[PDB]
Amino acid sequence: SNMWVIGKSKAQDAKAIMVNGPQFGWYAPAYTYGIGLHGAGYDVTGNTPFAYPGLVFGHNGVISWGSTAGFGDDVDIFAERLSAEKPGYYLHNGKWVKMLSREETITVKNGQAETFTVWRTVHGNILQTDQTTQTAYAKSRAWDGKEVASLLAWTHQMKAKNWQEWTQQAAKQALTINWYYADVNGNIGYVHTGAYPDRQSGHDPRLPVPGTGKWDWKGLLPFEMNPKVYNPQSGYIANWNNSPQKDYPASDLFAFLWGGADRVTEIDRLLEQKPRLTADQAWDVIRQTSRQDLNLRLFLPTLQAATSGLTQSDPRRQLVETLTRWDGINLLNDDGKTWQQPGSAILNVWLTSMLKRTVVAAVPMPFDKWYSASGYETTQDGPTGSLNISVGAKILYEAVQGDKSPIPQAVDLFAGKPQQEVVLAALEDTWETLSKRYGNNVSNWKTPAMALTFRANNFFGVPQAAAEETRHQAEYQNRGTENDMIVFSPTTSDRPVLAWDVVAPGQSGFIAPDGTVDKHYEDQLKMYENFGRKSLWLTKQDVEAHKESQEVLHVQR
C-alpha cells in the first residue's frame, strides 16, 4: 500500500493534496464500499474495506485521512512448559497453571461433523505443541483485548477537526498501521499507530521466549514512543510499507526486511523532481509507479561496471546496453499481451541466477527456498497483490554494496570470487536462456506482460461471487485496489475541498434472481483501467445536484 501527502510548501494551486493506494489484491465485487454519513455529529464521504462502520479512506470537509500497513513487530511467541503428568497445565511464575480450553464443532455440508479443542494460556492461544520437548507455543499479540476499541477509534476519528483531536483517536488504534492526516489549512501529519510491547531486557523479538515467567512483557509502550511527524521540513509524506523512522525494527517475518533497497524510493524520486505539484501531477504519480520496474534502479550500476571492458559483439554486454537505454517504465504493445521492452524478463532471469549462486548457496536446505524468488512471481491471472523487491534481492543488494553496506557480511556470498565474475556468469545464464526462447535479435524480443484479475474468491480463498463473475484487465498495474485523492483549498474552485475515488468493478454486487445485474455493478471498471476517477460529494447541494434516487424510512428503536 502506498501514500503520498503534499503540504502547503510543495502544493501548487491548493494547500494540501492526499493520494492513497491501499493494496489488498483485486476482487469482484469491490474490496471497498463507498458511503457518505450525515447526522449525529458525522459529515463524511469516502470508501472503506468490507463496509466497516469507520471509513479508512475519506474526509469530513475539514480534515482527510488514509492508511498503509505498518509492519511493526507486535506479536511474540511464548514457549510454554508442559508437564507429562498433570495435563492441560503449564508452568507460570513457579505454579502449575490450568489452561483455558473450548470445544468446537465444525458442521459440514454433506459430510460428518468435526469437533476439536482450542487451548489458551495467559500469553495467548496455543499454535502448536511439541510433546517431545513438552513445549506448546502461545501466540501473544500486543493488541489482544483492544480489537473492538481499534474499530471505534477508526469511527470516532471521522469527527476530528484538527490534529489534536485526530491524534487522541490515533492513540487508541492498537493494530500496526500507518495513519495519515491533511487539513484545509495545508497542515499534513503521519502516525505509525499501534500497541507495542515493553519487552524484558535481552529479549530478541525475532525468536521465541520462554513463557515460564521471566520473559513476560513489562506492559506496552506509551504513545509518545510511536513514530510521528507533523508538518515535515520536506513538504511531503511518502510511504510504501517502508520503515517509519531511523532504527525502527520491522515485523519478525523472515520474508520481511527494511533495508537500503526499498520501493518507496521510486515515490520520493518523483516528488523531489518538481518543486511544486498540482493535483493532476499528484494523481499522475499513480500511473508512473504502477508501471515502474523495481529492480532496474538497484542493479543497473552493478551490471554496467561488470560489462564495461567487454566487446560490443559480446551478448552479455548487449543485454546491459538494452537496460541502459530503458527508463524502467513497462508499456504494453499494440497486441495487449507483450511488453514494449524486454528489461523485466532480463532482470528476472539474471536475478534468479544471481540468487542461486549467492544467497541460496549460503543457506542450508530447505531454508534455501525462502531466498530464491526474484519477485517477478505471477501466474496467468497475474500477481495477487503488489510487486516488491524480494527478500533475496534485498540481501544481495547489501552484498553488492560491499563495505558501503551497514550489514556485516559474516559469510561472503560471492564465495571468494570477485563480484564481476559472478555477475558475468549470471549474465551468460540469462543470455543462454532467453536467446534460446526468443532468438538472437534482442530488438524483436516480445516478452509477456503481467495481467490483472478481479477475483471471485475473497483473500481467504472463499467464494464471494460466482466464478463467472471474475474480471480481467490486460495491464497489471502496481497500484491501490482503490485510489482516492483529496485536494484542500483549490484555487481553481469555490469549494474548500475536492475529492475523487474509483471503486471497481462498481458500487453494487447485486444480481437479481433472474440474472439481472445492477446498473452500478460494473460502471467503474473501465475508469479503473485508464487511470480515471469519479467525484466524491460531501455537501447537501452537491449530493442533491447529483442525486439519482431517494429512499425515506421511518423507524423507531
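For the two forms, the rigid core is made up of the largest set of C-alpha atoms that agree within 1.5 Å on superposition. One-based numbering along the sequence shown.
Student: Report the stretch with the higher root mean square CA deviation, pooled over structures and residues in 5 other deposited structures of this protein, choosing between 188 to 196 and 80 to 88 after a rigid core fit.
Tutor: Between 188 to 196 and 80 to 88, greater C-alpha deviation in 5 other deposited structures of this protein belongs to 80 to 88.
Student: Which of the two stretches, 416 to 424 or 130 to 138, moves more in 5 other deposited structures of this protein when the core is held fixed, judged by C-alpha RMS distance?
Tutor: Higher average C-alpha offset in 5 other deposited structures of this protein goes to 130 to 138.
Student: Between 46 to 54 and 494 to 502, which has the higher average C-alpha B-factor in the PDB entry?
Tutor: The stretch with the larger mean CA B-factor is 494 to 502.
Student: Can you tell me whether 272 to 280 has a higher mean C-alpha B factor than 321 to 329 in this record, or the other way round?
Tutor: Higher of the two, by average CA B-factor, is 272 to 280.
Student: If I read the C-alpha B-factors straight from the PDB entry, which of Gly70, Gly61, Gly532, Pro513 is highest?
Tutor: Within the set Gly70, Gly61, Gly532, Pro513, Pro513 shows the top C-alpha B-factor.
Student: Maximum C-alpha temperature factor per the entry, among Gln401, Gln304, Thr289, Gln473, belongs to which one?
Tutor: Spelled out: the listed residue with the top C-alpha B-factor is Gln401.
Student: Just say lowest, middle or highest third for the CA B-factor of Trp217 relative to the other modelled residues in its chain.
Tutor: It falls in the top third of the chain.
Student: Would you mind checking where the Cα B-factor of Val19 ranks among the modelled residues of its chain, as the lowest, middle or highest third?
Tutor: Within its chain, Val19 is a lowest-third residue by C-alpha B-factor, going by the deposited values.
Student: Tell me, lowest, middle or highest third: where does the Cα B factor of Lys417 rank within its chain?
Tutor: Top third by C-alpha B-factor.
Student: In terms of the CA temperature factor given in the entry, to which third of its chain does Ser489 belong: lowest, middle or highest?
Tutor: As the PDB entry reports it, the C-alpha B-factor of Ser489 lands in the highest third of its chain.
Student: Please place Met225 in the lowest, middle or highest third of its chain according to the CA B-factor in the PDB entry.
Tutor: Its C-alpha B-factor, which the entry lists for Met225, ranks in the highest third among residues of this chain.
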